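Encoded as structure tokens, the structure appears first; notes follow it.
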Amino acid sequence: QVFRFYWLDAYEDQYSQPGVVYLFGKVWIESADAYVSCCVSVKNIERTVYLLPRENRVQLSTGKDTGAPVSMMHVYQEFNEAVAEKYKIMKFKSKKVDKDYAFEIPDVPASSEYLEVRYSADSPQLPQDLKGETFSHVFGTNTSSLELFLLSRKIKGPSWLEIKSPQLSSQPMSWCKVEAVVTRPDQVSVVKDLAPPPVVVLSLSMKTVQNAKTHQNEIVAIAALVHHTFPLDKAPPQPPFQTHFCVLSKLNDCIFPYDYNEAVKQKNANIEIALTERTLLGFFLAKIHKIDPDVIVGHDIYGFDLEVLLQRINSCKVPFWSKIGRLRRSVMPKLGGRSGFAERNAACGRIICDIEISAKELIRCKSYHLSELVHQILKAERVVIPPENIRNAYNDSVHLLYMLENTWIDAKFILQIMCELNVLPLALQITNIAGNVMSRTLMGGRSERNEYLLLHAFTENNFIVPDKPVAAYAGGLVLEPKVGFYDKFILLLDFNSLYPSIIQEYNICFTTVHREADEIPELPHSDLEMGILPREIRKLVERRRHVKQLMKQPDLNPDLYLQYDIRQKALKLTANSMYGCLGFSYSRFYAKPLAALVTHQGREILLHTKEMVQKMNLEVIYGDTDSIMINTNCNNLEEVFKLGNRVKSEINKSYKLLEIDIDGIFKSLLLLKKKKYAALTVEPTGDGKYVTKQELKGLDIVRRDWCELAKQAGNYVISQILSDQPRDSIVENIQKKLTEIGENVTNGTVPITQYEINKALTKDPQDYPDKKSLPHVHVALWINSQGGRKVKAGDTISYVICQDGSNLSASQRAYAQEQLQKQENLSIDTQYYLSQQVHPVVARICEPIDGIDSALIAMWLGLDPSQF
DNA sequence: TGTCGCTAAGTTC
DNA sequence: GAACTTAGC
Ligand SMILES: Nc1nc2c(ncn2[C@H]2C[C@H](O)[C@@H](COP(=O)(O)OP(=O)(O)OP(=O)(O)O)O2)c(=O)[nH]1
Ligand SMILES: [Mg+2]
Numbered sequence: 002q003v004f005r006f007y008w009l010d011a012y013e014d015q016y017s018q019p020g021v022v023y024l025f026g027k028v029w030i031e032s033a034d035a036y037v038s039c040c041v042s043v044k045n046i047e048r049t050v051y052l053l054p055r056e057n058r059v060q061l062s063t064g065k066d067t068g069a070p071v072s073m074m075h076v077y078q079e080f081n082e083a084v085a086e087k088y089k090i091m092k093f094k095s096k097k098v099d100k101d102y103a104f105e106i107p108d109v110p111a112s113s114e115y116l117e118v119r120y121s122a123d124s125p126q127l128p129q130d131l132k133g134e135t136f137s138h139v140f141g142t143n144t145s146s147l148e149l150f151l152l153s154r155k156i157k158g159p160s161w162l163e164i165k166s167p168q169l170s171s172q173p174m175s176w177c178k179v180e181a182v183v184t185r186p187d188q189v190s191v192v193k194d195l196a197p198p199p200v201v202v203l204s205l206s207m208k209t210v211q212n213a214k215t216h217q218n219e220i221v222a223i224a225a226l227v228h229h230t231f232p233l234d235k236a237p238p239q240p241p242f243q244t245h246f247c248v249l250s251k252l253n254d255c256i257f258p259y260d261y262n263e264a265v266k267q268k269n270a271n272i273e274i275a276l277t278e279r280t281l282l283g284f285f286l287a288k289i290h291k292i293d294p295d296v297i298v299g300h301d302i303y304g305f306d307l308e309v310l311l312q313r314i315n316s317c318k319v320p321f322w323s324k325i326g327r328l329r330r331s332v333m334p335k336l337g338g339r340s341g342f343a344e345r346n347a348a349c350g351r352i353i354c355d356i357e358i359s360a361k362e363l364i365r366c367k368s369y370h371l372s373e374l375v376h377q378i379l380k381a382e383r384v385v386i387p388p389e390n391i392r393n394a395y396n397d398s399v400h401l402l403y404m405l406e407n408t409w410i411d412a413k414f415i416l417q418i419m420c421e422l423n424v425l426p427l428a429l430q431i432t433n434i435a436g437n438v439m440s441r442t443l444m445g446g447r448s449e450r451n452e453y454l455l456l457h458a459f460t461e462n463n464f465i466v467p468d469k470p471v472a473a474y475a476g477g478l479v480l481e482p483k484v485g486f487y488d489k490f491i492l493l494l495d496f497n498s499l500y501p502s503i504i505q506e507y508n509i510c511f512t513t514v515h516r517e518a519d520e521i522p523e524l525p526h527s528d529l530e531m532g533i534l535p536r537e538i539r540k541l542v543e544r545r546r547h548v549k550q551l552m553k554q555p556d557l558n559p560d561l562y563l564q565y566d567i568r569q570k571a572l573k574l575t576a577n578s579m580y581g582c583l584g585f586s587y588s589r590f591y592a593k594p595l596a597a598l599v600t601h602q603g604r605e606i607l608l609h610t611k612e613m614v615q616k617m618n619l620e621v622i623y624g625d626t627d628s629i630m631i632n633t634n635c636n637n638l639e640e641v642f643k644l645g646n647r648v649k650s651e652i653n654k655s656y657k658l659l660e661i662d663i664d665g666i667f668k669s670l671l672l673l674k675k676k677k678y679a680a681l682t683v684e685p686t687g688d689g690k691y692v693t694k695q696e697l698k699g700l701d702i703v704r705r706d707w708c709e710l711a712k713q714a715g716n717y718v719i720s721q722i723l724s725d726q727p728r729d730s731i732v733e734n735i736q737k738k739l740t741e742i743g744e745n746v747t748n749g750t751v752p753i754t755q756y757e758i759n760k761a762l763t764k765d766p767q768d769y770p771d772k773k774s775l776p777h778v779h780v781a782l783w784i785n786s787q788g789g790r791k792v793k794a795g796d797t798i799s800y801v802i803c804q805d806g807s808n809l810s811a812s813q814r815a816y817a818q819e820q821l822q823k824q825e826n827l828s829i830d831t832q833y834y835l836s837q838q839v840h841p842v843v844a845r846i847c848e849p850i851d852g853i854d855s856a857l858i859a860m861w862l863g864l865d866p867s868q869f
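Each residue of the first sequence is one higher than the one before, counting from 2 in my numbering.
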């Protein structure tokens, strides 16, 4: 009778069906010897509300306190007579529950005997401010059904659940192959120590042509690659994809080149030719249903792909839209809106993976378009079909098949990108650590995960969580740096996860810090037992430490090393975000005083570490909120390491948990300003041998707002300034290279691609206030003006400053590379590139190096030294 | 409908 | 002296 299934996604509707939460997942079947999708609809998820008894009777807040004691019986009478009749509440169940409270609300006793009252969801809902003559507050009024079913039953992320006495549904309700009905939340439990099962992953790529007359989008080709056993606890499978399906729709106006039949016949029989977008979308929905994917993945799928598909279904009215999800409905969710919540609910029960958001979360790249990601991760070359060609692609069957194959190659690229970053296993692991639903975790953002993590930590520990909600404080300290160049060995010491360590050491928790509703609250007493937040932060720190130690294992494959690095970075970001959510003003657990205390202790620890290092009779040169750089004044490497170990031990002697480590050793240092330096890191190899690797932190060469010309010039200049050659030869080499680049630029030898300057928008092009035409925004608008895929917010736009005789300010002349390559009346701005893009970079780089000053650089570059 | 924190150099108007 | 952006912790 028991029914055991592994759950992935949960969907709820707080209005359509009240007190009903759906759990989608996989279940084992011996007949097919396979896992099949199923949906269990936990019904009768009774709403719960906790009423806080008062200390003494109050005459409806009019006569103030009267001194009459109030007990649980009086509270029950009051709720049964007045509140129940007033709010049209028929049946309710009451009990006394002793719970503790520590959150941002006044006059709520720390540990009190609340009266819990449960009533059916369908009945009306109490109001948040409801106050009677016997109680002063009601908690949990608006707690969503899904949240109650998750926290109460202790489910934390995808896992195996056991159901007692399942009931077959009277009529079909979901599109899955197995349906169960749970009549109460108490019949569902979680089973531990089992292997996660394989899932079905479908990567989709759609090529669309924008309608000329109607100024809208009409899909023309859709390809997808599906794997039926994509694991979630082992390495990605090779080959990544098992099978695929392609569909192509002839344009409403254009016609096939009298050879489409023969071309398709000689190519393959796995491609579906659709006469319209209606048939194409129907075929896509049928294939999705038959495959029943569990993770649909793509690029900008939340933003532009799923929304386009749903809108096209609505416009052409393709029947049975609900198949694009898992549930059965008739009223599509309203489109538009901010983010992709509407698009997410439009395919409920099917996790959605936008590789763009995952890549943003994990890796850092200059641009996030598909081409840049492909060139940066898989190290390939991605062919981009011009938007004009696609409309003209349906003129030769060869080019039609080429377009279809390009879509297929994009799909394969997306799947490989997903595999390499280990998006799915990492997402599942983070979801299990936090406790939220996987579909939300894969959508980015850290506030949700931290909120759910603390929610679990406090629910399992007998606390009452706060109701969902309907420069600020002193932060890090950066030491004043002694700018300049250093040739001896500079030792960089750093602290290990300084903020989580501070939280652990000083018991900075929710249940210990006696706040008072912008001062810094006093530190908690040591004798107090560990709180709720420190325990979770320590668990996360321990997981990160274990991953690091595993990385320390010698003879590890480079790819596995990259995977471990990504996982460790994700865990560090999760700990940092757990700290940060204490400062978010729009957070369930906003605790600004706690974040202020954490930052204040960090500043204190940094200042004390600096004091100790200085008292040790050495020289300090820099530090950013947890790190310190020391001037060794030595040359032998062994002495450097011995001094580092000595100082590390001396510093660590004063902290119970905090750890200081040798962040690095530098052979040559170039410290320009705060948060800007370059150095030659020294990695030992054995027998006293030490290899060198050039590391730049903060320079203008490592930012996407400078031309590649300036990037290469600064790279060479820094390479010289850091080497061991004598100063005179370094200066002469710099002069020769600068003259060479000047001659090349003046003669136009430099290629076009080295001129682009990239900037990322924050809002949409229109929403930007018309404050002049700040280059990127200007160029952005042009891209939107032309008939191509739009450039929405959070997109990298590349522009090149050119000349057209406009005689305007240099900023206003920003243009697009395609425009310049197309227009015959525009040309590159040589003086701009050699004056405001290269010279400032080299001048900042060579500021403390004797022998070079701004005038000399300007002269050597070929610029006129008049205005310099 | 949610969108981790603060700090700081650098460009533009 | 304010905005905007992109690095750094
Ligand atoms: N809220 C928030 N705080 C951060 C973030 N990044 C860094 N911090 C803060 C908290 C960290 O404890 C502190 C120092 O960070 P580090 O870069 O030195 O990393 P960490 O010390 O955790 O590890 P490490 O041993 O130095 O490699 O800066 C972040 O992304 N968000
Ligand atoms: Mg650190």
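Think of the CB as a built atom: it goes at the ideal place given N, C-alpha and C, for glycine as much as any other residue.
Excluding sequence positions up to five before and after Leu534, its CB lies within less than 6 Å of the CB of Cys510 and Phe511, all in the same chain and listed in chain order.
Of all alpha-carbon atoms in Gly68, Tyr23, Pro727 and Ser72, the one lying nearest the alpha-carbon of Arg185 is that of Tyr23.
For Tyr591, the secondary structure class from DSSP, reduced to helix, strand or coil, is coil. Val41 places its beta carbon less than 7 Å from that of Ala181.
Take the alpha-carbon of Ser812 and the one of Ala224: they are about 42 Å apart. With respect to the 7 Å criterion, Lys676 and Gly645 are not classified as neighbours on the basis of their beta carbons. Going by DSSP, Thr49 is part of the beta strand (DSSP E) stretching over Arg48 to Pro54. Within the stretch 662-749, the complete beta strand (DSSP E) segments of 3 residues or longer fall at 677-687 and 690-698, listed in chain order. Of all C-beta pairs linking the stretch 660-671 to the stretch 489-507, three or more are shorter than 8 Å, placing the two stretches in contact. Scanning the stretch 339-400 for uninterrupted alpha helix (DSSP H) segments of 4 residues or longer gives 342-346, 356-363, 371-374 and 388-394, listed from N- to C-terminal end. When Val399, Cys317 and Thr442 are compared, the shortest CA-CA separation from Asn262 is found for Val399.
Taking the Cα positions, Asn636 is about 6 Å away from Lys489.
The beta carbon of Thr408 is closer than 8 Å to those of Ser206, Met207, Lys208, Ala222, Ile223, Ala224 and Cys247 in its chain, skipping five residues each way along the sequence. By the C-beta density criterion, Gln505 is buried, having at least 16 other C-beta atoms within 10 angstroms.
Pairing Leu455 with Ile631 gives a Cβ-Cβ distance that is not under 7 Å.
Check the Cα spacing between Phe136 and each of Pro54, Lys92 and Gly581: the tightest is with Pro54. An exposed status is given to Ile753, since fewer than 16 other beta-carbon atoms sit within 10 Å of its beta-carbon.
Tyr507 has its alpha-carbon roughly 12 Å from the corresponding atom of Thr600.
Residue pairing from DSSP places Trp8 in a beta bridge opposite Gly26 and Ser160.
The three-state reading of DSSP puts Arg119 in strand, counting E and B together.
When C-alpha distances from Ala472 are compared across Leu402, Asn462, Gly584 and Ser855, the shortest belongs to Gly584. One thing to note: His840 has its Cβ within 7 Å of the Cβ of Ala859. Within the same chain, Cβ atoms closer than 7 Å to the Cβ of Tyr678 are found at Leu670, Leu671, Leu672, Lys698 and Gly699, the five residues on either side in sequence being excluded. Taking C-beta atoms as the reference points, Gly789 and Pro388 count as a pair closer than 7 Å.
Put simply, the backbone Cα of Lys793 is about 41 Å away from that of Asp123. Here the alpha carbon of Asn463 sits roughly 49 Å from the alpha carbon of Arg705. Under the three-state reduction of DSSP output, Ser250 falls in the strand class. When the alpha-carbon of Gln243 is set against those of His229, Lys235, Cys255 and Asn253, the nearest one is in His229. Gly283 is the residue among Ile297, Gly283, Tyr303 and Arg327 whose C-alpha sits nearest the C-alpha of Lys318. Annotation: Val471 to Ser153 spans about 22 Å, alpha carbon to alpha carbon.
Under the rule that a run must span 4 or more residues, the alpha helix (DSSP H) segments found entirely inside the stretch 484-524 read 499-506.
Taking all protein chains shown into account, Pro241 has 16 or more neighbouring C-beta atoms within 10 Å of its C-beta and is therefore buried. In this chain, the alpha helix (DSSP H) harbouring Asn262 covers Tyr261 to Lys268.
For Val780 against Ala817, the beta-carbon gap comes to about 6 Å, under 8 Å, which counts as contact. Scanning its chain for C-beta atoms nearer than 8 Å, with the 5 sequence neighbours on each side dropped, one finds around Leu276 the residues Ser250 and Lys251, in chain order. DSSP places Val202 in the strand class (E or B) of the three-state scheme.
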